[PDB]
Amino acid sequence: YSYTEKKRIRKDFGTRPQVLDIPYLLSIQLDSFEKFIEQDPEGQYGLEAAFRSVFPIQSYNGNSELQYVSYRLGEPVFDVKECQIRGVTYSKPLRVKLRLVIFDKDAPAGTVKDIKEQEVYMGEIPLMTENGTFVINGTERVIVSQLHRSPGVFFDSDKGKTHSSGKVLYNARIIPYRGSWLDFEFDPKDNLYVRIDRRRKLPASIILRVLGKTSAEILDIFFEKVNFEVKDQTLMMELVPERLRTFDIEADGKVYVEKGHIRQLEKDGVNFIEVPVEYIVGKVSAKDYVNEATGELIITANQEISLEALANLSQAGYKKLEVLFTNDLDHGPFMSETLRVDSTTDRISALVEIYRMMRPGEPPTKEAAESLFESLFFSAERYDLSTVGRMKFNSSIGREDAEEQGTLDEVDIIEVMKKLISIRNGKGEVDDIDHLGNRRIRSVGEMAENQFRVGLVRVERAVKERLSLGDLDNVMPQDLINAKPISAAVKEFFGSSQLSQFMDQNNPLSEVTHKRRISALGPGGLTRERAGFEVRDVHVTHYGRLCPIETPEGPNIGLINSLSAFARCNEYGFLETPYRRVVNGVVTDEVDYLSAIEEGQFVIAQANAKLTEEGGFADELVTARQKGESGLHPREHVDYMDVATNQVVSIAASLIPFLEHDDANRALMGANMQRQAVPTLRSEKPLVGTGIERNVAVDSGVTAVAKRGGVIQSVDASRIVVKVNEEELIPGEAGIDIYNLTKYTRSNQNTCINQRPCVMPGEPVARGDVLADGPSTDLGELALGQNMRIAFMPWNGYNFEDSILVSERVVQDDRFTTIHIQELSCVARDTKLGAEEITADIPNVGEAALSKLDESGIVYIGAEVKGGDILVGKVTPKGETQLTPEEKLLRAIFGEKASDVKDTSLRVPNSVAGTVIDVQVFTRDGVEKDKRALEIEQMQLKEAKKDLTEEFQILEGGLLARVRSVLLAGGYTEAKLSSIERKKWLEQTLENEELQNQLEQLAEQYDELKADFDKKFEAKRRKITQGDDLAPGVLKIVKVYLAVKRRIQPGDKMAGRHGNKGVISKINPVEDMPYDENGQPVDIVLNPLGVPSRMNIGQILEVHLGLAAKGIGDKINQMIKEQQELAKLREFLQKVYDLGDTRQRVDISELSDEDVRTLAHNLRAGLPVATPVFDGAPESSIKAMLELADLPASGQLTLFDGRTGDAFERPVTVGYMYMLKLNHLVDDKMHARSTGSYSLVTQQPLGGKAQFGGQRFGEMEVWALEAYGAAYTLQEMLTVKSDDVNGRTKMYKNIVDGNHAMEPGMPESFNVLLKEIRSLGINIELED
Amino acid sequence: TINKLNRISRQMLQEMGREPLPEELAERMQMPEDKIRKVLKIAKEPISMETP
């Protein structure tokens, strides 16, 4: 057990041992971006592939070319923290070595006349942080992986839902990564037809003729030939035995049935047969027949044979005639029919028809048509069937060559057409489009590579154009490349893409789920409205790959999925899941990662299968699945097993205890709202958990995990210094590790990110141990909510529907109080009248509002501010303003007139009260810094000086301790060393060369220990001192950070992990809560009526388990309080940890006395228990736990009404449930407006709380008012409340003067409509 | 003037690897820095009101 987990061991109720630990949760992002950035010597992945795909760039004439050499990434200007603070993108410069070889015109082509090599700046590539996030424009973003259709050829059908009859129509679609789409479909008349780029449809023989194929060649390829010679003045068909198995059969020795089995007569075998003439009448020819004497074509290929044609062939002397095979079941004349309808007769006419289909209304030329075809599919510049696409294509048509080609060809197209024909005939099956073997995962690396290639093509056109011209004597290759298009492409991808999303940062679980999210939307994907039922459904191939529970509930159902716990992406981008090999009947611990196509063949048993001591299956017929169908299978027929019980559910679903007792509908909600929890002041572990919390907490990156083991040297609320162990030191290193903790930092959702130390001075720590707990973390365990005592009973209608009744003590102990950090900005700009100034001289404002402001006009740090308080005082110059006569008289009476500048200052939003915790001042280069700017600059410089001095002091203490040890190799009295003053050591004098050379280099190194640290400190001074690059016209930006403590109150949404959400209805006093016989009141009362109908039973079990857990904790607390002997405590702990037949063996013999006391101290507030999903605690284990804690086995206690003291007539389920505070607070949702801003065009109230807008009275509301008959209320809403500019002002005046009457007018929207219709050249006028 | 400023900005960003600063652009153009800022503030195309 690790040190961090030995502090509080969670009891495991699982029974199945785990053979594979859950892998790193953020691998899907980090691996992809490492593929993108890391150099590939093979040149197949990342920036190298794009470079070699675009380069070399060749001039049209041939004068010169630009070729690729290598690339590298420079050092970042800022780190992550400074990029976030300043508001700039965290990125690395890209420098590419390019050389411009110049060819010699006089010399033959290919002679290198000159070479010019230079490094070219090709833009800034954004960098992925260690946690899989990007810092774009100062904010954290996550790029969501995309589930898109895999490139290749897909065979599908209309399922008989298009034509009037059934007529199942089959089509084949060739979809590349880049290029045009090729479609081969059938028509209701049984003709193969071809489409390119989804335009007007043509016969499929045109694409065959444009490759130089004669009709005879087409018939030979797509048909089998039966031959008919003339032997001994008789008809002579070459008999193929398989064909025979309406006439009299020849071979009189073996006569078959006449005009009315086959194998018995075919056993002897003959090669002769005679058929009537009519048998030839119905057939069609196969080749063109030419007569030399006549010089004409007697019969053409693909023509109906007639008696006259037979006679003509007879007179021509020809004896051999071959005709195509045609049936109604297995072989079809489709190709012959589409040859018949097709009017093309040569390659040129086919190209002309293809050109008319591509480019209509343009004169067709041979060179133009030829070019169009070559480019559409056979050009690597415009067509790319990538490696995954080529692999899928070859698997589809069974081709075992051209594995490195990305352009279609003769064999590919003809194989696709043949396979479609075979599928129609009956041999073959259509493909499933929802099958995960046909859908691919496309991650950050691939998308970034594609956008970089787009930018490179943009720069390649201009590079080609400039290379065409020949003035390259004084031209360097850095003068040819413009990095702005490339930078624009990458910035567009990383900031404006639909899949580049604002990070969800409510809690670590939200972060992890967002990093493991897959979207079917985005570029190259689906749309919300056009998506159908089929793509939203759960496929049988989603087992172990996509979570069937976690998905948005709404328009995005089925379109956004979550990666499974053990799911992985192979090199081709297809999801794969691990399985255990079954060898010789025993389940080997060897893990094979299988994809859906490989999964289909094998028979896979489930993790719930019983196993014996020898490793084999217990029961003869085990449950398993094959080809996506579950069933019962023999033991010897099992090939694979599941690796874990949480293999099919995602992390959020895996964090729900007793998931197997909950419906999928409510498990969906539980998983969704586990990502909406808001961290509280005090993070508390869940009493009932699943054991995955540690993985989420560690892998989210919110916690401070030790990089190297050792002993903690120093702990402080913002810094941890660790003395590294002697076995893990890099030679010549300081020997210390410094962890600076994040303290009260705004998140993306205006929450608080705070890291609290969980280690004391002198505590040993190993690698991977948790040093500081981030938000929603308790001792390295994910802690999203709080454990609350729960009573399942109705209480006077205050838990009606989904309402929640909460005791006042919950508010008193601040169990659900949350810190929300809000950022406000004041931008002083340059206007035409003048420059806006930030100052404390605010007109028309008294000294009361200037108390919290300083001389510079910025609020102090730590000032408690309420709504309307001035934070930054800003005055803007204002133009001449015309005054009414009454205002002139007022100014003449009282001579107060000071309107040179107008007060537009930053004020706290209404109903917001908090403390200013941070102020940041950004000043443009060349603008005088106000006193507050220099104060913050001095504070930052002092902080940098102190931090560098302290860091250097600790690291030099460690390194001088190493020096000390190197001396201790011999061992002496360093008291003599201290006899000479520390600085005076450099003043010593040694004459011996052995000692003096030592002293020489020691002095030369001590003086050099100053140059590097001075360089570091000078770089820091440069960063704080330098000016900020603001937007044009912006002079100064002042940002104020407000910390607001939000307590629980009625209207706040609170929920558990089983989908039972609710809104708090009343904060009841403690004396009105139900209480047990011991006088302990319940804190939250829930309605039982919501359990049975939604069928989420896992909460009740959890409640029972929670009760038992707390009971055991109480016992431990009692044992601690009574100061009992440690032997009794050890015995009790062993008894607690030995309950049930679990996989966990926690024995306390090797736990030291201090370790035992620490564990008991951590178990005071209840014993944590782990119930893995689908391997949870049975009811018997819960009952045994309850009996241990001296509690009823039914989990129901006798409660008393606090308002009367009378016991309730029935026992009530009382326990402890883990409840969360969702990010839906009534403070941010309560809005009201009487009059405010209005729209510019429609003259209507704006929309939103941020704009102080009004509610929308939509069409349905108008219908309801009309149904009521409320004409006057409807007229009020339409005219005097929305867009009657005179009417609403008159109504306001009338209400102010008491007369509640209105004078309705004409809405401005109708006038806008009138003007628009008149602008459309239509006379609309209101008759009178 | 705007086009030549963009050309010089491109060349300078190519030369030094980072975005040129107003003062350096003014030095290279042999023009006052205030004029450079004035030119930089007018090179904006109006945004459409129908943008999502």
Within the range A:366-435, which GluC sites (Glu not before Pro) sit in a loop by DSSP and count at most 15 neighbouring Cβ atoms inside 10 Å?
A:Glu381, A:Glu400, A:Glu403, A:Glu404, A:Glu429
Looking at A:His1224, A:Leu1188, A:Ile936, which one has the Cα that reaches farthest to the positive end of the dipole of the protein assembly as shown (charges on Cβ: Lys, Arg +1; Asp, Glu -1)?
A:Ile936
How many percent of DSSP beta bridges within chain A run antiparallel, rounded to 5?
90
So, counting K/R as plus one and D/E as minus one, what does the shell of residues with Cβ under 9 Å around A:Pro241 add up to?
+1
Taking the number of other C-beta atoms within 10 Å as the exposure measure, put A:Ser468, A:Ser979 in order starting with the fewest.
A:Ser979, A:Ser468
Pick out, in residue order, every one of the GluC sites (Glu not before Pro) in the range A:484-545 that is DSSP loop and has at most 11 other C-beta atoms within 10 Å; say none if there are none.
A:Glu529
So for the range A:126-246: antiparallel DSSP bridges make up what percent, rounded to the nearest 5?
100
Using just the helices of chain A, give the 222 nm mean residue ellipticity in deg cm²/dmol: DSSP H runs with n ≥ 4 each add -39,500 (n - 2.57), and the total is spread over all residues, rounded to 500.
-9000 deg cm²/dmol
Would you work out which of A:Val865, A:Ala251, A:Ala618 lies farthest towards the positive end of the dipole of chain A? Charges go on Cβ: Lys and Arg +1, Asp and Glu -1.
A:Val865
Taking a 26 Å limit on the Cα-Cα distance, which of the listed pairs A:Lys832/A:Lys866; A:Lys392/A:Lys427; A:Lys484/A:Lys515; A:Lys515/A:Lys1221 fall beyond it?
A:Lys832/A:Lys866; A:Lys484/A:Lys515
Taking the Cα centre of the range A:1217-1328 as origin and charging only Cβ (+1 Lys, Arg; -1 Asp, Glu), how large is the dipole, in debye to the nearest 20?
620
Any chance you could count the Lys pairs in the range A:130-229 whose alpha carbons are under 29 Å apart, treating pairs 8 or more apart or on different chains as valid?
13
Take the alpha carbon gyration tensor of the range A:973-1021, find the square roots of its eigenvalues, order them as a ≥ b ≥ c, and report rounded if a/c is under 1.5; if not, report prolate when a/b exceeds b/c, else oblate.
oblate
What is the local net charge at A:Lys976, summed over the other residues whose Cβ is closer than 15 Å to its Cβ (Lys, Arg +1; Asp, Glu -1)?
+1
Magnitude of the Cβ-charge dipole of chain B, K/R +1 and D/E -1, about the Cα centre, nearest 20 debye?
160
10 Å beta-carbon shell around A:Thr133, net charge (K/R +1, D/E -1):
-1
Mean shadow area of the range A:389-513, taken as a quarter of the surface of its Cα convex hull (nm²)
13.8
Among A:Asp431, A:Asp158, rank each residue by its count of other Cβ atoms within 10 Å, from fewest to most, as a rough exposure measure.
A:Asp158, A:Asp431
Across A:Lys931/B:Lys41; A:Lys6/A:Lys610; A:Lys1061/A:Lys1229, pairs whose alpha-carbon gap is larger than 22 Å
A:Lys931/B:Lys41; A:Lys6/A:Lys610
Note, the range A:1313-1323: 3J(HN,Hα) by Karplus (6.51, -1.76, 1.60, θ = phi - 60°), whole Hz, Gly/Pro = x, goes 4, 4, 5, 5, 5, 5, 5, 7, x, 10, 7
Would you calculate the separation in nanometres between label points at A:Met1095 and A:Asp106, each defined as 7 Å from the Cα along the Cα-to-beta-carbon direction?
9.1
Loop-resident sites, the range A:404-502, for trypsin sites (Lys or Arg not before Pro), counting at most 12 other Cβ within 10 Å (DSSP)
A:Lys427
For A:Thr818, A:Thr300, what ranking results if the residue with the fewest other Cβ atoms within 10 Å of its Cβ goes first?
A:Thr300, A:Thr818
Picking from A:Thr338, A:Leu948, A:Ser53, whose Cα lies most toward the positive end of the charge dipole for the protein assembly as shown (charges on Cβ: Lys, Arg +1; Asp, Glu -1)?
A:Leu948
Gyration tensor verdict on chain A (Cα atoms; rounded if a/c is under 1.5, prolate if a/b is larger than b/c, oblate otherwise):
prolate
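FYI, it's all coordinate maths here, none of it is from the lab. A quick note on method: Cβ atoms are made from the backbone with ideal geometry, for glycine too, and the neighbour counts reach across all protein chains shown.
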